[PDB]
Every structure is written in structure tokens, then in C-alpha cells.
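Trainee: Just dropping this structure here.
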Amino acid sequence: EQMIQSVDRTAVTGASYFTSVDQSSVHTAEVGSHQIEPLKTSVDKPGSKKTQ
Amino acid sequence: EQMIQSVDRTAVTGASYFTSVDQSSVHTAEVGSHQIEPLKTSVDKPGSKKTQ
Amino acid sequence: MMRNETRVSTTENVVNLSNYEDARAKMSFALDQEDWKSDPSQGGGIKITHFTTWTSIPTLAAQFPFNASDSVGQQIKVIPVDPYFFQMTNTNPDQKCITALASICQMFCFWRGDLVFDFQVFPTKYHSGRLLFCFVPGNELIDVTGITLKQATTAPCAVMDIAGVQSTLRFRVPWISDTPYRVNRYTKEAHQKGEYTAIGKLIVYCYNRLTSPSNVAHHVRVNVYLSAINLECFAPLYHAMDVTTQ
Amino acid sequence: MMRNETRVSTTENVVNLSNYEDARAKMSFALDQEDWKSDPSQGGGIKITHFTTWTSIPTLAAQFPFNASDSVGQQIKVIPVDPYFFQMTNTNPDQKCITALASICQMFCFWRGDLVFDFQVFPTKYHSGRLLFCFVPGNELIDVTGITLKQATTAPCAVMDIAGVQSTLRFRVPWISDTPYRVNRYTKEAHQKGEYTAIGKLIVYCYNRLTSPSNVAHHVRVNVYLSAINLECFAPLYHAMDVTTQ
Amino acid sequence: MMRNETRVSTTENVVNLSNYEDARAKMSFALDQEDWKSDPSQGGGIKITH
Amino acid sequence: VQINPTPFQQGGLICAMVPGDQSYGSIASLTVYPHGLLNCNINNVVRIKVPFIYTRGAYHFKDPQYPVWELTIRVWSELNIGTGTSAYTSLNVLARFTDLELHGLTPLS
Amino acid sequence: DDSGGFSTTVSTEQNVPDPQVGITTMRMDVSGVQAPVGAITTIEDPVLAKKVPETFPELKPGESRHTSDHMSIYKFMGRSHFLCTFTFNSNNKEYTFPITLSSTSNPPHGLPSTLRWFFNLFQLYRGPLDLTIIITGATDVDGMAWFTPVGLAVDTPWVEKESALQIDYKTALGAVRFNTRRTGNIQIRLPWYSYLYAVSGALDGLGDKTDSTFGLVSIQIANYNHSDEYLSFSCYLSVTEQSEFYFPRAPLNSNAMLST
Amino acid sequence: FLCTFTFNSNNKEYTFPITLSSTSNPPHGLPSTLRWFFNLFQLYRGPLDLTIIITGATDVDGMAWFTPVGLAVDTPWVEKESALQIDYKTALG
């Protein structure tokens, strides 16, 4: 007896301010990552509320 | 809380050359076995590709 | 007194262009011969070091429906089992739809690999019945249309219920060929006993009827994805494949 | 029996002039191939081994005064932020005054580095008021003249009192560009979206009025020195730069 | 300064065809100079080396 | 991407994340993109994570060189119904940023 | 959580390159006895789409008969393929040809047969190339071939004309000096000179005419010609090992793969 | 020896096979030493070596290429014009 896995159905997915409960779920695709640059085209810090 | 067992649904059943996947499975009935004979009506070996 | 001499060998000053070690460069325009490094920043690590990318991913090769008004055992669509197969096109834009596997293998003479056909049906949950995917090996040309349904039960095959909890069957085709590879005979323009294109054909039979109510559709369409495993090709060339017009 | 042979490779007897190892000499006129040594006597050790000499030293790139008869927030002079910038000339001798940084970078395609503008005002001790050096990044061409003074307070900038105990502000420009370098589009003769010259512009605003008595002058002139730090250029060429006529 | 020179010996660019070391190949059409291995399958070991 | 079929309808949809162009690349080869496949049988909501695919270092809003990403919706399998079944389905496309970086403040609008 | 969100339906980033090595080697029966769970599955679930496929009792296919892997790019594109061809006609004519990776550029003016299919298989492109050209025709012609990066000025592409560029612009950037009689062959690295990072294959608008192209080689001749014989050059491009590929793209149709 | 051939006009494309059949009488096929030797045995597997000599008119820029079985090539033992494109010729080797 070998069981074939399935897809999830009910889960709390969404932002803290933007929340929607789905009855049919799907795994979100993600390829690549946030690649760091040893050569940055700008020499600044990234913008934030602390500097704005 | 006592759970009543059910019938299987999805399984890879079939021959290596004759393969069909069913979405609704059923347990195959089998009574008896391959009964050996102390008295064989023929005195030969069973046929095979090695002798044919 | 210096002693430096060599003998001039033959085949001198002839451009060699078959391998990588002779088609490299001895010279360069680079000041002080500079090297350009690797930066995995603007891509994110999505890097191709081998041609297996466009092969294993299933790509749509064909399309056929399954009506409910057909007899049991009627032949629906055969699949000539090769990576060269595709039949789709487009009118906007005007483009003959290749598959991503048909572009890799068309730049070669020979092909070899265990092809994995993925038949995604699109039913409702209540469209019931079964189909038969019977692969018949050999070459691209035998009279497989004359093989009856119960005669096709002699060959190895598989059945698939249209209903259930999944809708895509991954059919791993065995490497069954007289030759250990199979030449791009599409590059040539003549049939010859010994050179071929496919290792066999694959009839979609009507194994059972399509039982459904009237508030759903009377037909279920089947996409034909094209994927593979353990794929190998050699002897490179250039060829643009043409639509197999079935 | 001797065994000496090699195969004649292609691209033979073609002069290679891009790097240093092919543009060297195999031969020499020197008797017994003599070497000329190093003597640090007639110079005193003032020896250039790298091109950073004419770059980090501040060189006058522009000149603008600051009158007292101007409104607060009136645009005085923008600086297109690049090492290519210069506007001075001379009548005796007849020579267009280059900067020492504009000669280094003009022999390249691309330039990169944190430019340090040095604004030396020439006031008395009693000329009071403040200025605004607001760098606005991007390219050489945006409508930065339409940006208002309080709109220019959104961008990062700096203020400088005209009086005090010093008179020169070193403005380290950040490397803010969409591209990691910036092509010598002055070598070309056509605008194109994607190739540019500068990483931004820098308006000198009238941040405060010039308060001064009548026994001193009514205006304070500001020299624009041109210096840099962490400067890099590549892809060499030859180009003579022209005067940015503002 | 590079120092690379040799003297051009005589009997240059004459095709030698008597032995095996001169009638070999310096060049090949093979992509990345590939080698074809040995498979004793379709013959069964009936191999002539002499 | 959020759609909603009633299970008496059949058919299929496809959403693909396409950078650069809808050029002479094949429609039947679009599974090489990070994409989504919609069906009237299994599920109705999928989500897609895609990275920053662009030639230069960063993206210019006030004057872009070319759009970084682009989504298209081709009919992957036609919408077939019966009598009285709804002849339509709904469709929604949600989007958000991940790992945001901001540089180059401007005073103008 | 890093972003404070959640995910319910299993669907993530898809199509990561290089799943398998394509030379056939052994990592007994592969399937058979156990029922095939890999045949029937959910393609809408990408985790269930990454299941080991089978449908039949199979076993080991064996090994291959060439150690040279004919399925890696670094030994597949080592064979050099056609780029362009051009002929000279008069004295000191300066020819200029780019390397335009745009699929809009139909051959000859652009990418021909193998380069147009291959360099439109992927989105981003970064690294140096190789160029192999052949001198064919009239002999004893002393010409000069040079590279010019983007941004810098060069003459008009795909146009045989007189040179409007001075020799001090030509000697400072980098060129070669050769006669047709001495060696008759050029196998040259193409330098990756750009202030932008990478180049693309299929773009639109002003990004297509700027961000697809990366380099250009332009040639002016001299001593051509004596007693009338045509001199024909032909450009074949080849690959090196310092380039890397990014974002595998859907390949082109059978229509735009035009051959010369 | 294998074969010999001469050119006559401009851009003529010549095509010759390596036909190990003993039915192929020389010149069109195996000549003297190759016909005896390569009909001493049944099966044959492995790579060869070919040595050719340029004889005659000088300063001719030609091109020689191999074509495997299955793929298309021009008609053997026939001097004619080439009907094959250069992108088919540069891709194969």
C-alpha cells in the first residue's frame, strides 16, 4: 500500500493587511533568488522610512 | 472515536507489459491455491522456453 | 650557436572547425589579456550548463478530444513516438508551433531516450469511462491501424479512468529499436530499409464509452505533453522540422 | 634521425595589437641584449606607477559667482556630474582649458567612481548666508530646472554657511546609475535611450540671501574643483572632449 | 620581449606514407575530440589483433 | 491568479510570466516559462513566484528601457458547457512585490 | 515568516535548468513489480509533477558509445557556424558588420540559420565569443580588422563605403595587422565591452536596438586590388568557456529559422 | 589508394562515399588494396584515417566536410553544383 500525495485545500494564506481565504490552494512557484551584486550600479543605502 | 475502514481508490495495478491505471479500485477475490499433486497424471517436466 | 628546427608537417594552414580545441582563439583584442568574471546578480542563479532544460519539462505536442458518440475500440489518434513530433500552429502570430524538445533533437542525426508522454485530460469529475494508450514498437511505418482492439491487448499498454482525483498519465516509452539510435531521416528525402525516424507508434483507443449527464459536456479533450528521461543525442547538424500532418 | 614537426595553425602572420604580450618585442638592437637599470637620482622618487595621479587631486572645472541681488531658490548653475565636465578657456595662450580628470577618462568608453566636487567660495569673513548643492541623479537630461526648491528638499543634499572658519565643501557624489558604468556617448554623435553621459545633475540653489555691508563686495565667487575617489575606467579609445557650453 | 624562433629544416611539406606515426592525423572533425570505446557485444569476442 | 469554475464546465487556461517579448517563440513551448496551468477539475487558485529578469542593474520608472515582466492568458482548452450551465467563469490577477529595494530619490513628481 | 504572509495552494517558481546529465550511463529492473505511481499524477501540482515517471517494466538501458558529451553547450557549440559574408570591390573600402542578437534581424542582415535559433533560446546573455573568418579570393591585400564597443563611434553597419574614421582612433582602440599571404586565418576572441551588464535576444522598441546588440567588428582594406580578382570574406562565430546562459526561453518557430 | 578526381569549373561540388561493398568495382568503390583488405572480414567498427594530396593549380579556396548516414548530402561520384546551403555545412563540421 503506497499513497500518492495530493495538493493542499484549506490554508490561511495572505498578507496581514490583505487577507483572503481560498478553498482551493496551489503551491506558489519560485525560481531563482535575490542575487547579491559585488558590483552595484549605485553606491547608496536602500531606501526606507528611517531615511525618508 | 472508532474509524470504519474503506476501499482503496488509486493504485498502480497491472502487468509490466499490460498496464492500466484505475481511478476506482477493488480487492481481487482469491480462494484456494495451487494444490500440489502426489499423483500426477503425466510424468513430464512442465513446459518452458528452455525446453521449447 | 642556436639549434632550432622542426619539419613542416602536411595538412598545414587548413581551417579545422569540428571540435572545440581547434576552433578556439590563439589571439585576442584584450589589453593585457583580461578575464571577465562571473556575477550571479542580475539573473539570480538561473544558469544553463547542459541541454537537459528544454527536454524533461513537458511541452504540448498534440491535441485530441474524446467524444461520447464513438464505438469501443475505435482509433482516435496515433502518436508516432519520437521527439520530432508536433502538430500545432498559430494564426496570431503566424508561427508553426514547435515543441521545446523538437528543437533540441532536430540539430542532431541520432536520438535516444525514454520518452515520457503526459496525457492531460480535461473532464469534469463525473465524466466516466476509460482509454487505452497502446504503444506498438518498431519503426514509423507498419499497418498498426489494422490491429484490432483485442489484438492490441497482446501488446503492453495501460488503462486510465477519466474520473478520479488526477487527470494526467505519464507514459514512459521504452527504448525498443533494432538500432541503438535512430537517424534524422527527415534531413534526407528518401525512404530506405535500415534508416527510420521513430521507434514505434502509439494508438489512443476507445477502451470504454464516455458516460455523462446532459448538464456537462459530451466530449473531453486530451493534451499531449512531450517529455523524456535519460535522453542522449549526437552527430550535430542543422535542420528545421516540418509539421507532422497526421 | 631527427623528428621535429608542427602543424601550421590558422590566423598566421596577422599583427595583434590589443594586449601587451603580443605587442612586445621578440627582437632588439641591443648588443648582448643589455638591460637598463633604475636610478632614482635626477627625479627624487616622484614616480608614476598608476593613473590615479591626475584624478584625486582637485582641478578647477567651472566658475560661478553668487550675487546678493537674487531671490531665494533661484537656480545659479547646474553641474552635469561627470569627469568630462569643463568650461574654462584661455586667450593668452589660445587654449581650451581641460581638467586633469577630463584627460584621463576621455581615453575610455566607460567611467565609474565616486566624484568629489570641491566648491571653494571666496568671501570675506562677514558675507553671510547659505547655499544648496542638490544632486539629482539619473542621466544627463531630465527637466531638473522645473523642480522647485522645496521639491528639491526631497532629494538628499547639503547646506553650507558662507561665513565660518573654512570655505571649501567636498561633495562626494554617489554612484547612482541604472548601468554599472557609463559609456562615452560623446564619442558617438547620436542620442539613444540606454546610452548616456552622466549619472545625474547638480543644481546650485540660492538657499539664503547674501547679507554684507557696503565696504565689502556684493558677490562671492565659487570655484568648482573636480576630484574623485575609487575611480575606474576601461575599454580604451582616443577622444578629445569639447567644452560643455552650459 | 618574447624569444621564439626555430630553423626551417629541409624536406619540408613532403607527404610521408611509409610508417604509422607519419600517416596518422594531427586533426579531426570530432566535436571536443571524442573517443569511441569498445563494445564486445554484437560480435561475441571474435576479434582479430594479428 | 484567481479564477472560479462551476464543476459542470470543462476547459483549461494558462498564465505565463513572459519577459521581453511575445516574439517568434512558440505558444506550444510556453511551459519553459515559470507559468501556471488552470483546470476545471482540480483547483482554481494558483500563485507564481518570479525573479527580476532585466539587462541593466535596476529599473527606471520615469523612462523604462523595456518592461521587465508581462503576463498573457491563452485559451489552454476551450470552455464547453451543457444546456443551462453557466457559459462563463471569473478571473482575477493579484500581484505584490518581494524583497524591495529603493534608490534615487527625486524632488519632482 | 519573512514577509508576514502565507501560502495554501502548492505552486512556486518553476523550470530550474539542468535536471539531468544527458550522456547515458548507470547511476536490474527500473520498474515492474511495484505498481506505477509515477504514471498517473497531478500536473497542476508541481511537486506531483516532479515524480519519477514509469508505465512499464523496464530495466537498465546500459552505457553510451562516445565519451564526448554531445549534449553540453560548451562542446556542442564548439563547432563554428555561419554569421555573414561580404566582398570588396574598390580601393580602401571600409566594411562594417555588427553582431545583432535580435530575432527581428532576418538573415543575411543579422543572425543566420544556427545563430538565430540558438541565441534566441534564452533571455539574458553574458560572456565573450569566438569568431573564425576565412580569407578567400585575391591575394596580397593588406587590410585591418578592429572591434568597437557600444557607445563609441563607428561607421555605418552593413555598408561598404570609404572610411570616415581616422587611424589614431583605430590604433588606440585595438586592431590587427596581417596580409593575405602570410597566414590567411583569424580565430579571434570578441571582447565583452559594455557598461550594461548583459544582452538579450528578443526585445521591442529602443531596448531592441540597444540592449540586444553588444559588439561590432568593422574592416577596412588596402592594396586591394591589382588585376581584377574578387576578395571574399566570410564570418563564422564560435563559443568560449567564460560565457553563461540565463532564463531558458521557448524556442523559435519553424518559420523564423531561416537558413543561408 | 581510394579515388581520384579533378575539378573543371567554378564552385563545383564533388561527392565521394566510402563504400565497403565488394560489388563496388573500382574506381567507383574500393580499389586494389582496400577491396581485398576490407573484404577479409564480416563486421567492421572504428574510425579511419584519410590522406589526400592537392595537385595542380594553386590558390584555390575549397572546403571539405563529412556527412553521416541518415542526413542529407549531394549525389555521390558526381561533380556538380552544390544544392546544400552553407548553414548546413558550417553546423556539421
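Just so we're on the same page: first chain in the C-alpha cells is A, next is B, and so on; residues restart at 1 for each chain, and ligands are numbered from 1 in the order they show up.
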Would you mind listing, as a PyMOL selection string, all residues of chain E that have at least one atom within 8 Å of chain D, where only C-alpha atoms are what counts?
Mentor: chain E and resi 1-4+26
Trainee: Which chain E residues are at most 8 Å from chain H (counting only C-alpha atoms), as a PDB file with C-alpha atoms, in the first residue's frame?
Mentor:
```pdb
ATOM      1  CA  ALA E  23      50.431   8.612 -41.661  1.00  0.00           C
ATOM      2  CA  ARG E  24      48.334   9.449 -38.584  1.00  0.00           C
ATOM      3  CA  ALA E  25      46.165  12.535 -38.121  1.00  0.00           C
ATOM      4  CA  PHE E  29      36.282  16.528 -37.346  1.00  0.00           C
ATOM      5  CA  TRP E  36      34.825   5.781 -29.440  1.00  0.00           C
ATOM      6  CA  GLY E  43      30.457  -9.958 -32.224  1.00  0.00           C
TER       7      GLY E  43
END
```
Trainee: With a distance cut-off of 7 Å and only C-alpha atoms, select the neighbouring residues of residue D:77, excluding the residue or stretch itself and same-chain residues fewer than 2 positions from it, and output the selection as JSON, numbers by chain.
Mentor: {"D": [75, 79, 203, 204]}
Trainee: Would you mind listing what lies within 12 Å of residue H:64 as a VMD selection string, with only C-alpha atoms counted and same-chain residues fewer than 4 positions away left out?
Mentor: (chain C and resid 14 to 18) or (chain E and resid 29) or (chain H and resid 13 to 16 52 89 to 90 92 to 93)
Trainee: Can you tell me, as a ChimeraX atom specification, what residues are no more than 9 Å from stretch 17-31 of chain H when counting only C-alpha atoms, ignoring any on the same chain fewer than 3 positions away?
Mentor: /H:1-4,34-36,38-39,76-77
Trainee: So that I have them on file, write out the residues from the current selection with C-alpha atoms, as a CSV table (one decimal), in the first residue's frame.
Mentor:
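Output contents, as saved in selection_34.csv:
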```csv
chain,number,residue,atom,x,y,z
H,1,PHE,CA,44.6,4.4,-52.8
H,2,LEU,CA,40.9,5.2,-52.6
H,3,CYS,CA,39.9,7.5,-55.5
H,4,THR,CA,41.0,10.5,-57.6
H,34,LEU,CA,41.1,-1.6,-49.9
H,35,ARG,CA,38.9,-4.1,-51.8
H,36,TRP,CA,41.0,-7.1,-50.8
H,38,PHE,CA,38.1,-4.7,-46.2
H,39,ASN,CA,36.5,-7.9,-47.6
H,76,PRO,CA,27.9,10.5,-54.8
H,77,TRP,CA,30.5,10.2,-57.6
```
Trainee: Using only C-alpha atoms, which of the listed residues (D:153, D:92, D:19, D:192) sits closest to chain A?
Mentor: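 Smallest separation from chain A among the options: D:153.
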Trainee: By how many Å are atom CA of residue D:66 and atom CA of residue D:131 apart?
Mentor: 9.2 Å
